[PDB]
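Undergrad: Okay, handing you the structure first.
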Amino acid sequence: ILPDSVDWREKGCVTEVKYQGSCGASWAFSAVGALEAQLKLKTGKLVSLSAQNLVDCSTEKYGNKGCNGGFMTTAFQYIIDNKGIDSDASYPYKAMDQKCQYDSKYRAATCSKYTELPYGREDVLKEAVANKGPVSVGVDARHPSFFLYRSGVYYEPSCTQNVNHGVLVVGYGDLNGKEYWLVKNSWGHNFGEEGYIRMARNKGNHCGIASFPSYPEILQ
Ligand SMILES: CS(=O)(=O)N1CCc2c(c(-c3ccc(Cl)c(C#Cc4ccc(Cl)c(CNCc5ccccc5)c4)c3)nn2CCCN2CCOCC2)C1
């Protein structure tokens with residue numbers, strides 16, 4: 001019933017790859033990237049949403065610590081509570097913790113709700129990515145092989161199911177027998193495959209890719 005491959009870049013639903021730098025804002029980029037695609041599906045415009053906005057404004061009330069980490073679920077909740085989020089163009093990413101400078105005048109997107117998927121269920125994640133859009137997930141990126149990844153289907157034997165780095169699953173496929181998830185990262189274009197990492201799929205929640213998935217929606 002589901003397609004064998006999906007790639008949301010092919011439907012103009014993914015913005016350019018971003019660069020987080022010294023700031024641990026991966027959670028924030030994961031969140032906006034998920035919302036960006038929902039905005040494209042609804043409005044037909046692809047605009048990069050402000051990760052910085054999340055870092056500066058979705059703080060203690062959402063259990064997040066800006067550059068010292070956070071959560072995509074709580075970020076989606078901030079966007080709901082805030083009744084908006086600014087464009088990246090208006091609230092650019094400065095890779096450090098700042099005061100909250102959200103202005104409703106430059107609101108580029110809204111958020112109605114978000115869904116959390118069951119832990120470790122790669123079948124359920126496969127469906128969400130096909131039926132709903134790119135899904136915010138965490139991975140275990142705490143290995144040298146992650147940093148050193150250049151291409152191919154990434155597989156790390158030491159990889160736990162405990163997540164620590166925010167990424168975005170923009171599709172899935174099969175590279176000569178090896179099933180993978182197509183993962184947008186936030187380390188610039190010089191990381192992996194033009195900023196993307198294809199990661200092992202259906203290998204026992206490898207690197208905890210399906211440990212904490214979630215995606216937002218912008219309802220009519
Ligand atoms: C060790 S574990 O089992 O893998 N784990 C613990 C449980 C967990 C985790 C996550 C989760 C899911 C996706 C991602 Cl991308 C992340 C992450 C991360 C991250 C990103 C950058 C950084 Cl720099 C860090 C490192 N700092 C830790 C930190 C994390 C959050 C707040 C304050 C400090 C971590 C965590 N959600 N959750 C679910 C808990 C969410 N609760 C619900 C109530 O509101 C938020 C807290 C992690």
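One is the number of the first residue shown, and numbering goes on along the chain from there.
Looks like X-ray crystallography, 2.8 Å, at least that's what the header says.
Heads up, the Cβ atoms here are built off N, Cα and C, so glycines get one too.
What Swiss-Prot shows for this protein is this:
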type     : residues      : note
DISULFID : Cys13-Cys111  : disulfide bond
DISULFID : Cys23-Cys67   : disulfide bond
DISULFID : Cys57-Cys100  : disulfide bond
DISULFID : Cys159-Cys207 : disulfide bond
ACT_SITE : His165        : active site
ACT_SITE : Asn185        : active site
Undergrad: If I restrict to non-local contacts, at least six residues apart, and a C-beta distance under 8 angstroms, what lies near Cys100 (disulfide bond) in its own chain?
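TA: Residues satisfying the criterion: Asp56, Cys57, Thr59.
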Undergrad: Long-range neighbours only, meaning 6 or more apart in sequence with Cβ under 8 Å: which ones does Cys13 (disulfide bond) have?
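TA: In sequence order, the residues whose Cβ lies under 8 Å from that of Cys13 (disulfide bond) (at least 6 apart) are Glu36, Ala37, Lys40, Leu41, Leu46, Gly133, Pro134, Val170.
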Undergrad: Quick one: pull the CA-CA distance for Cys111 (disulfide bond) versus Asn185 (active site), whole Å only.
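TA: Between the Cα atoms of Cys111 (disulfide bond) and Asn185 (active site), the distance comes to 22 Å.
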Undergrad: In terms of DSSP three-state secondary structure, what is the assignment for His165 (active site)?
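TA: Once the DSSP labels are grouped into three classes, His165 (active site) ends up as strand.
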Undergrad: To the nearest whole angstrom, state the Cα distance for the pair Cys23 (disulfide bond) and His165 (active site).
TA: 12
Undergrad: Distance check, please: Cα of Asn185 (active site) against Cα of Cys207 (disulfide bond), rounded to an integer number of angstrom.
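TA: So the alpha carbons of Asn185 (active site) and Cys207 (disulfide bond) sit roughly 14 Å from each other.
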Undergrad: For each of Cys23, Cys67, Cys111, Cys159, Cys207, count the other CB atoms within 10 A of its CB; which of these disulfide-bonded residues has the top count?
TA: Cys207
Undergrad: Quick check: of the recorded positions listed here (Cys159, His165, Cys207), which one has the Cα closest to that of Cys67 (disulfide bond)?
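TA: Result: the closest of the recorded positions to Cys67 (disulfide bond) is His165.
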Undergrad: Which one of these recorded positions, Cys57, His165, has the sparsest Cβ neighbourhood, judged by other Cβ atoms within 10 angstroms?
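TA: Among the recorded positions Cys57, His165, the lowest count of other Cβ atoms within 10 Å belongs to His165.
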Undergrad: What does the structure give for the C-alpha distance between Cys159 (disulfide bond) and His165 (active site)? Integer Å is fine.
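TA: Distance (Cα to Cα, whole Å): 13 Å.
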